[PDB]
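*Asks:* The following block contains the structure, expressed as structure tokens.
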Amino acid sequence: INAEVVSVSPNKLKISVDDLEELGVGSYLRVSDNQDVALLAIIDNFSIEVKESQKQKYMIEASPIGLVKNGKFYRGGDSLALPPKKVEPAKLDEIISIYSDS
Amino acid sequence: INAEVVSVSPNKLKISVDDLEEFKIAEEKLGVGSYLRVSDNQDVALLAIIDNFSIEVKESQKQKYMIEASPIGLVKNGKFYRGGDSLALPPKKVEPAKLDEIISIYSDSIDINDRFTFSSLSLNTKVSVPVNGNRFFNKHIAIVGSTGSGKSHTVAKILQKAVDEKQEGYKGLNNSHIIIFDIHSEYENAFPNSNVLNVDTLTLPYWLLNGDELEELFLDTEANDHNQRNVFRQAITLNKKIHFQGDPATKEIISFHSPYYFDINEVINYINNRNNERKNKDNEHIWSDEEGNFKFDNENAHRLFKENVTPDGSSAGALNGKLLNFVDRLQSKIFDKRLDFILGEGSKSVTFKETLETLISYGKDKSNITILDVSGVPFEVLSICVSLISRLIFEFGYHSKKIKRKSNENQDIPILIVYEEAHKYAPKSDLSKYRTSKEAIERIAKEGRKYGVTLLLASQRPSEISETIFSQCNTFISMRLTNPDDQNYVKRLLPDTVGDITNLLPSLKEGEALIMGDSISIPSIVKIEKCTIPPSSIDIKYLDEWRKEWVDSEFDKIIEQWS
Amino acid sequence: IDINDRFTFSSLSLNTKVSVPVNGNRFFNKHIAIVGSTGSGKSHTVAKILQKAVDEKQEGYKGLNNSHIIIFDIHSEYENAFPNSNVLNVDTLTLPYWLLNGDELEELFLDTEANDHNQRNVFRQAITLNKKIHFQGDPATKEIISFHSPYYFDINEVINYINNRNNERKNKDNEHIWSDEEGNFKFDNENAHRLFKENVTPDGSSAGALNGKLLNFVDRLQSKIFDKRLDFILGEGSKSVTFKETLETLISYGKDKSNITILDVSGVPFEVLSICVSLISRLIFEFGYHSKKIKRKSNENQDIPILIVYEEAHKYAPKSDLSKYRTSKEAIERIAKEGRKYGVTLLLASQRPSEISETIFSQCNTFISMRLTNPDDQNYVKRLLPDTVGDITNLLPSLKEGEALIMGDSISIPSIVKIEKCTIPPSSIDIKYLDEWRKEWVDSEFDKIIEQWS
Amino acid sequence: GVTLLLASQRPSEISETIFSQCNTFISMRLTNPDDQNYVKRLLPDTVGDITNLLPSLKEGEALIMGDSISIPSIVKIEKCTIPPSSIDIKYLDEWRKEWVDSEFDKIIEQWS
């Protein structure tokens, strides 16, 4: 598991990750290589879980802060906008469109 | 097969799926707030809204996504009944709710003539969400949202739809009557046919202010003695009797709080003439006038209002020089150019009928929406003029119900008073300076339901509104509210909510609402329709005016205006 | 439940065939608390219980039974529910002002924020003095009479006394000399009843120290006496009404006797609503309190059990300790904490139970709870419920319309019941705003309203 | 250059913000279950079955982890030639002695 959301609360997104090496409170969760559909989430807190049977995994509480479509940013959280998940080198300047487009 | 229930709580439903991507099937938007249809047999189904998504791993099989669902009600051949049913069982088939079943949530409970459609469901834009338009307006609306959420667009769209609501038997203005108190001059752009009244054109006569509003307009609560208050209401009440041209038995009815005509310039003379009073050896205030010589008695106190009064008496009076704090205070306010709309010469000359012809817009230029632009009104008198108009509209509606009760045929003039920035006038604090507009709005809220004068609270900070006024609203259209103190105020005050949609308040999209009340069939997350003519407030473009090269030609022109 | 003791107004939600009787004796004499949010049909189960209670009769006679229900509806809902009931709005109900005690007589007339303590001292000196002259018993009982005592006084004479005390002057002997048509005298406690006449001329070349301090007092009092909204409490009809005729009107024992008396308090001004609710609640409680005195002596009790229905019970008995609702809350609290044994019980009805005070909500024993979607109303009710069965009190936001959760001593066991469908529903005649707004611009109406105002 | 050293026998009472900043964690026998759950949750690094060895540690046998050490391990600290012994009032040694009576009068004079 690279990075995948495991719980979609109305105002929260719980994402379980194996390790921090595999940022901080208030950082923007941008791992996106999809055009015209993406999800933007800020980090509420970093939490560590107790499983007693597996390796410890970091759980991040993510508040959804917006949704971008072809470079246009709309505020408010939508749960629809993460069907894909793939590991490849992606761009970084799509966080510009959060503030620059409006 | 794909989706099945795995637990049936008293309040909740646990639904486990194996593939959410197949579960969408029709490519309907699926998320928190989406409707699930849980049934194995057609034409009878339980509709459940989604609280939260989850995952589970059996450690030896494929992972399964688990959905927390709140049963909102069961449908039965086009009839929707709220509340969870007994059909929710673990051997059941769950699927996204069909278009004919979601439409039946809202369309079945409201008659075809009673539907007031101004929005559509956020998760499903194909289904429109009507409200019971009779119950929507007659019980007060509370539109709540943070800045940048397009709350003013929601207020504008509801009033634009109410004005556009019409019967096909005529073409022209309908019977919609909306009064808007905008401090930001925002709704002028929204309604091009509206009647906008600012300080330049609004003429509010001062003599309909009651005792409470007359105190705060003229005197202060910190530096005036009780003697200065006493001489004020002596002059006001005595002035209201001579100008009363009606029945002399009704002359004794008149008190300080009565809304009858008085001349403030003649009141100025009384406090001036009592400022330079002189007493005699018998403590009798003899007065010398061009008309004649007289003492200060109740039966001849009306002739003291003339400015040609010379004081008489060998010694200075007891209250001689006592009113110089008072006369100079009120002489500043009558000739203050910022109070021309309320203390000017036009306030005396205008009549009672022309005031209500202006506030309700029943004069020459009849308009459905009357916009009271209170941006130019000074903030020290803002809560007084808001209280004056809110009292003038209520007692219009209170006296509206007395005419046609006798006649037995009621034409009726329903009035909706929109309070933009509603916590400015009706606050949580019980300060005396906001006291007049608080009980005037509270009279609309607690009593105006039955007299045809209701209110719309459009505020950016709902936590500052008083609970005795905010709870009297029944339908609540909450936009994106992210402040924890405004959420905790609203979440405590909302009368009816389905599971976990209330938590969606900080994460709402722009134009996306959260509407409840007696009007709507169920609390749903709706997307308000986009305004063709948006309520864009005209404001100074500071960055544009910064890069203006410093022409400084206008300053020499400004001082001539000041002089 | 014994067969003659059953009061069936509902059947089980999960099984329509089984009826759910309650011990109707124990259901009513211990106070009810019907609670349910908007759209849950809370007004229908209040309507159905009272419709079942009115029609609950014996087979030995045909006519009215001994049901005595008083409804406080600000929303004007129950007029259509009971067509045979007595409805009293402002225009018909005539509540005398002199039946108010000391606490209600201040907030009707005065404000604590602006009135100085010496100003208020003139008010209850005038009323207490006025309450003795108009009292027509022996002079020994006149010493008992105080400000808080409920006897007849004339508010116009109190108005004159307060206005005359604004004209108090002293002579060289420092006495408040008053010149009257009957005679010339100083202000004395023996001859202070002649100060009630308006034909009193002030005397003394030097005015009093407290002279002119009561204009903020009398002008506040001037407006309320001739206020057209307060005509029902401060009009000429409140002077002419008798003590018996007020109690005849409140429980419908006049010429038109009805089981249910409906107090349409919609037209009551919101500043005096907590005073008229407190006045009627105290009048009915003291009616039941003084009902038990004779019947003990008679040795066979005929009884008038009274159930006062407080629709929107959070407005009259709120959780907030504010002095505006202090009079109505204490009058409801006296009925809750004492009216069980005097035959004056209460039915609290509210869409927001969390605003009712817990000292009054807990005094109810049987709670009928409809849909409670508001989370603070759920947490309040689940805390105050005296009974439960496992995980049925978590069913509150998922209850249907007309489906209730009823517990207490009346019922055998807490259960989710389905209240019977109200054949005559409590419809409220409210202005259909859209149905008027789709009509064309009416312009002949606005001219007529202006002539009403003048 | 001002660095600290949080030495405490009740680690769970220390606030998390202060405690987590320290990154080298030398731990002796920790046997309070609330103390163990606090430390093992606040660990920067872990090896599967060596954090559970904390209540079974010997006398002077320590668990030291952090970026300074190469790998987490269960170590034995060298025995102190001069141990940090605190001089205290030996209650049972004094209570076994005879009733001291002259010393009560001397205390009150100092107090007065």
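Chain labels A, B, ... are given in the sequence in which chains occur in the structure tokens; within each chain residues are numbered consecutively from 1, and ligands are likewise numbered from 1 in the order shown.
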Please report, as JSON lines, each residue of chain A lying at most 7 Å from chain B, together with the nearest pair of atoms and the separation in Å rounded to one decimal; use only C-alpha atoms, and order rows by chain and ascending residue number.
*Replies:*
```
{"residue": "A:6", "atom": "CA", "partner": "B:55", "partner_atom": "CA", "distance": 5.5}
{"residue": "A:7", "atom": "CA", "partner": "B:54", "partner_atom": "CA", "distance": 4.4}
{"residue": "A:8", "atom": "CA", "partner": "B:53", "partner_atom": "CA", "distance": 4.8}
{"residue": "A:9", "atom": "CA", "partner": "B:52", "partner_atom": "CA", "distance": 4.7}
{"residue": "A:10", "atom": "CA", "partner": "B:504", "partner_atom": "CA", "distance": 5.5}
{"residue": "A:11", "atom": "CA", "partner": "B:504", "partner_atom": "CA", "distance": 5.9}
{"residue": "A:64", "atom": "CA", "partner": "B:507", "partner_atom": "CA", "distance": 7.0}
{"residue": "A:65", "atom": "CA", "partner": "B:507", "partner_atom": "CA", "distance": 6.9}
{"residue": "A:75", "atom": "CA", "partner": "B:509", "partner_atom": "CA", "distance": 5.5}
{"residue": "A:76", "atom": "CA", "partner": "B:509", "partner_atom": "CA", "distance": 4.1}
{"residue": "A:77", "atom": "CA", "partner": "B:507", "partner_atom": "CA", "distance": 5.0}
{"residue": "A:79", "atom": "CA", "partner": "B:31", "partner_atom": "CA", "distance": 5.3}
{"residue": "A:80", "atom": "CA", "partner": "B:31", "partner_atom": "CA", "distance": 6.3}
```
*Asks:* Mind writing the picked residues with N, CA, C and O atoms as a PDB file, in the first residue's frame?
*Replies:*
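This is the output file again-v6.pdb:
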```pdb
ATOM      1  N   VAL A   6      -8.666   5.261   3.708  1.00  0.00           N
ATOM      2  CA  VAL A   6      -9.393   4.131   4.274  1.00  0.00           C
ATOM      3  C   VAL A   6     -10.704   4.535   4.924  1.00  0.00           C
ATOM      4  O   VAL A   6     -11.528   3.653   5.215  1.00  0.00           O
ATOM      5  N   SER A   7     -10.929   5.824   5.167  1.00  0.00           N
ATOM      6  CA  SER A   7     -12.162   6.278   5.796  1.00  0.00           C
ATOM      7  C   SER A   7     -12.517   7.652   5.256  1.00  0.00           C
ATOM      8  O   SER A   7     -11.674   8.552   5.248  1.00  0.00           O
ATOM      9  N   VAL A   8     -13.758   7.809   4.815  1.00  0.00           N
ATOM     10  CA  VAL A   8     -14.251   9.073   4.273  1.00  0.00           C
ATOM     11  C   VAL A   8     -15.366   9.544   5.199  1.00  0.00           C
ATOM     12  O   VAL A   8     -16.534   9.180   5.042  1.00  0.00           O
ATOM     13  N   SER A   9     -15.003  10.356   6.180  1.00  0.00           N
ATOM     14  CA  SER A   9     -15.939  11.044   7.048  1.00  0.00           C
ATOM     15  C   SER A   9     -16.546  12.222   6.283  1.00  0.00           C
ATOM     16  O   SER A   9     -16.051  12.581   5.211  1.00  0.00           O
ATOM     17  N   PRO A  10     -17.659  12.797   6.768  1.00  0.00           N
ATOM     18  CA  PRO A  10     -18.192  14.005   6.106  1.00  0.00           C
ATOM     19  C   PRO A  10     -17.207  15.160   6.016  1.00  0.00           C
ATOM     20  O   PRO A  10     -17.162  15.849   4.990  1.00  0.00           O
ATOM     21  N   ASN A  11     -16.397  15.381   7.046  1.00  0.00           N
ATOM     22  CA  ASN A  11     -15.426  16.463   7.029  1.00  0.00           C
ATOM     23  C   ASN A  11     -13.989  15.976   7.141  1.00  0.00           C
ATOM     24  O   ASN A  11     -13.069  16.800   7.127  1.00  0.00           O
ATOM     25  N   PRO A  64     -10.851  17.696   3.624  1.00  0.00           N
ATOM     26  CA  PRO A  64     -10.905  18.071   2.203  1.00  0.00           C
ATOM     27  C   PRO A  64     -11.161  19.562   2.055  1.00  0.00           C
ATOM     28  O   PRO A  64     -12.111  20.102   2.624  1.00  0.00           O
ATOM     29  N   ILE A  65     -10.297  20.232   1.295  1.00  0.00           N
ATOM     30  CA  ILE A  65     -10.340  21.685   1.181  1.00  0.00           C
ATOM     31  C   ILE A  65     -10.780  22.162  -0.187  1.00  0.00           C
ATOM     32  O   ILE A  65     -11.032  23.366  -0.348  1.00  0.00           O
ATOM     33  N   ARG A  75     -13.798  25.470  -4.006  1.00  0.00           N
ATOM     34  CA  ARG A  75     -13.687  25.117  -2.600  1.00  0.00           C
ATOM     35  C   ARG A  75     -14.724  24.066  -2.225  1.00  0.00           C
ATOM     36  O   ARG A  75     -15.627  23.730  -2.995  1.00  0.00           O
ATOM     37  N   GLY A  76     -14.579  23.544  -1.015  1.00  0.00           N
ATOM     38  CA  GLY A  76     -15.508  22.552  -0.525  1.00  0.00           C
ATOM     39  C   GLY A  76     -15.080  21.143  -0.859  1.00  0.00           C
ATOM     40  O   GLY A  76     -14.571  20.888  -1.954  1.00  0.00           O
ATOM     41  N   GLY A  77     -15.294  20.220   0.067  1.00  0.00           N
ATOM     42  CA  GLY A  77     -14.842  18.855  -0.103  1.00  0.00           C
ATOM     43  C   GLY A  77     -15.843  18.011  -0.863  1.00  0.00           C
ATOM     44  O   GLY A  77     -17.040  18.022  -0.561  1.00  0.00           O
ATOM     45  N   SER A  79     -16.154  13.902  -2.217  1.00  0.00           N
ATOM     46  CA  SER A  79     -15.559  12.585  -2.033  1.00  0.00           C
ATOM     47  C   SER A  79     -15.371  11.827  -3.339  1.00  0.00           C
ATOM     48  O   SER A  79     -14.759  10.754  -3.329  1.00  0.00           O
ATOM     49  N   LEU A  80     -15.863  12.362  -4.456  1.00  0.00           N
ATOM     50  CA  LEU A  80     -15.826  11.633  -5.718  1.00  0.00           C
ATOM     51  C   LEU A  80     -14.432  11.578  -6.327  1.00  0.00           C
ATOM     52  O   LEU A  80     -14.104  10.608  -7.020  1.00  0.00           O
TER      53      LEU A  80
END
```
*Asks:* Compute the set of chain A residues within 10 Å of chain D, using only C-alpha atoms, and express it as a VMD selection string.
*Replies:* chain A and resid 47 to 50 52 to 56
*Asks:* Nearest to chain C: which of B:495, B:169, B:192, B:484 is it, counting only C-alpha atoms?
*Replies:*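 Comparing B:495, B:169, B:192, B:484 against chain C, the winner is B:495.
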*Asks:* From a backbone DSSP assignment, name each residue in chain D labelled strand (DSSP E), as a list in words.
*Replies:* residues 25, 26, 27, 61, 62, 63, 64, 65, 73, 74, 75 and 76 of chain D
*Asks:* Counting only C-alpha atoms, which residues of chain C come no farther than 8 Å from chain B, as number ranges by chain?
*Replies:* C: 14, 37-39, 205-206, 212-213, 215-216, 219-220, 222-223, 226, 266-267, 269-270, 351-352, 372-376, 391-392, 394-401, 430-443, 445-446, 448-450, 452-453
*Asks:* For residue 18 in chain D, find every residue with an atom within 12 Å (counting only C-alpha atoms), except residues of its own chain fewer than 5 positions away, and show them as a VMD selection string.
*Replies:* chain D and resid 4 to 6 11 to 13 23 42
*Asks:* Determine which residues of chain D DSSP labels as helix (DSSP H, G or I) from the backbone of this structure, then write them out as a PyMOL selection string.
*Replies:* chain D and resi 11-13+16-21+33-41+54-56+91-96+102-111
*Asks:* Quote the spacing between CA of residue 479 in chain B and CA of residue 418 in chain B in Å to one decimal place.
*Replies:*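 Separating CA of residue 479 in chain B from CA of residue 418 in chain B is a distance of 16.6 Å.
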*Asks:* Calculate how many Å separate CA of residue 274 in chain B from CA of residue 346 in chain B, rounding to one decimal.
*Replies:*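 Computed distance, CA of residue 274 in chain B to CA of residue 346 in chain B, equals 27.2 Å.
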*Asks:* Got a sec: who's within 9 Å of range 59-71 of chain D, counting only C-alpha atoms, leaving out chain neighbours fewer than 3 positions off, as a CSV table (one decimal) with C-alpha atoms, in the first residue's frame?
*Replies:*
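What follows is the written file around-v6.csv:
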```csv
chain,number,residue,atom,x,y,z
D,23,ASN,CA,15.1,11.6,19.8
D,24,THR,CA,17.5,9.3,21.7
D,25,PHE,CA,15.5,7.1,24.1
D,26,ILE,CA,17.4,5.3,26.8
D,27,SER,CA,14.8,3.2,28.8
D,28,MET,CA,15.3,1.0,31.8
D,29,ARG,CA,12.7,-1.4,33.1
D,43,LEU,CA,8.8,5.9,19.7
D,44,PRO,CA,10.7,7.3,16.6
D,45,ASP,CA,11.9,3.8,15.8
D,46,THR,CA,10.8,0.3,16.7
D,47,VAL,CA,11.9,-3.4,16.4
D,50,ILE,CA,12.0,-5.6,21.8
D,51,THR,CA,9.7,-2.9,23.1
D,53,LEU,CA,10.9,-6.5,26.8
D,54,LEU,CA,10.7,-3.3,28.9
D,74,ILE,CA,18.8,-4.2,24.9
D,75,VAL,CA,22.0,-3.0,26.5
D,76,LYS,CA,23.5,-3.4,30.0
D,77,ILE,CA,24.8,-0.1,31.4
D,78,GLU,CA,28.2,-0.3,33.2
D,79,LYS,CA,28.0,-0.7,36.9
```
*Asks:* Hey, can you check how far CA of residue 55 in chain C sits from CA of residue 29 in chain C?
*Replies:*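 Answer for the CA of residue 55 in chain C to CA of residue 29 in chain C separation: 17.9 Å.
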